[PDB]
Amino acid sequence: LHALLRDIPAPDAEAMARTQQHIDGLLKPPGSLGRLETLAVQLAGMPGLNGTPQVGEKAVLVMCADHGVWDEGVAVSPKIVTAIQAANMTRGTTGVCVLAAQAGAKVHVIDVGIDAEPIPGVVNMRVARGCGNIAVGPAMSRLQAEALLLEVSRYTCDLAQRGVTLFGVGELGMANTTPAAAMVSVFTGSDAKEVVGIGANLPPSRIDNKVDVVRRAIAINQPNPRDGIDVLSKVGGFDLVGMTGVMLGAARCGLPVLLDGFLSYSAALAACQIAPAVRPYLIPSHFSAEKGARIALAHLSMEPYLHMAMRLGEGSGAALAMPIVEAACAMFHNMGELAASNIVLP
């Protein structure tokens, strides 16, 4: 794992310079395509993309797991929904499946800790039947977190060998916006009340209890903000750890990763804390309707491309933004050039 983190490559400034120069000469006023240009340059700096903005195969990895904190009344969705939905993922009837198919991406459903019998068709990496209830103790041991990080990392960079050049990250787990709020609170130094939201339609009357649970989780575990792994293991969850592992794997692989919503923001804060070198590979997708979204995004210094008021999770936002990444590539490779049309601008 220390080896892993050590070998994450820095962006290729040489390729980025050649990219910027090429974009400036395209048939349009310089910089007129805004963030599409910036995105093309960022991609060009990713070693795994071979010095140019391109997109081969696309995959969305969905990390599924249950949470012990569900028993504290922080979620109105029945617990079995995780297992049921995970099975529906294998049938392509869920939100991510439909949006991923529309984008030409393949969905990988990974069980990292669902509290139910194993589901056929689902990649099995379960650590346990749900993580511990963060309200009275840690979600898992540091060892378990480090092991899952490593496992998911290898799985991720291994897909790279099969033609995948763009990753989308997502999750599935009833009650997970609670440990995500705790994590955000700890990494950004924000108070619980400012980052706890309604998750999957939590009644406004039950928000107070959710805020109290987050505070207790922090007070009891005393997670160290300067140690992302400590934070993930104490007040995180298997699914959040797995999302973090995808980001580390793609970064080690020198490939881009599309973030999803609020849960993904949490995992990204942890990943950047564990290894700052990961940041250049992260690409925002949409702006989650979850209350603590603005704060988490500010500490990540990211501005999402899509404002859809989405809050489903599953990696649906990630899949929705994949066409945007391909648009920057098409712009870069298919537009004509100013010089060829004899156009000279000041």
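Position 1 is the first residue in the sequence shown; the rest follow in order.
Report the stretch with the higher mean CA temperature factor, choosing between 72 to 80 and 243 to 251 on the basis of the entry.
The recorded data point to 72 to 80.
On average, are the C-alpha B-factors higher in 203 to 211 or in 142 to 150?
For C-alpha atoms only, the mean B-factor is higher in 203 to 211.
Please work out which residue in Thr178, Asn221, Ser264, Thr165 has the highest C-alpha B-factor recorded for this crystal structure.
So the option with the highest C-alpha B-factor is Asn221.
Can you pull the Cα B-factors for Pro256, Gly95, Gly113, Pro120 from the entry and say which is highest?
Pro120 has the highest C-alpha B-factor of those listed.
Tell me, lowest, middle or highest third: where does the Cα B factor of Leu39 rank within its chain?
Lowest third - that is where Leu39 ends up once the chain's C-alpha B-factors are sorted.
What third of its chain's C-alpha B-factors does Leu338 belong to: lowest, middle or highest?
Highest third.
Would you please rank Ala321 by its C-alpha temperature factor against the other modelled residues of its chain and give the third it falls in: lowest, middle or highest?
Within its chain, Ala321 is a lowest-third residue by C-alpha B-factor, going by the deposited values.
Tell me, lowest, middle or highest third: where does the Cα B factor of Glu57 rank within its chain?
According to the entry, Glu57 has a C-alpha B-factor in the chain's highest third.
For the chain shown, is the CA B-factor of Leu300 in the lowest, middle or highest third of its modelled residues?
Tercile = highest for this residue's CA B-factor.
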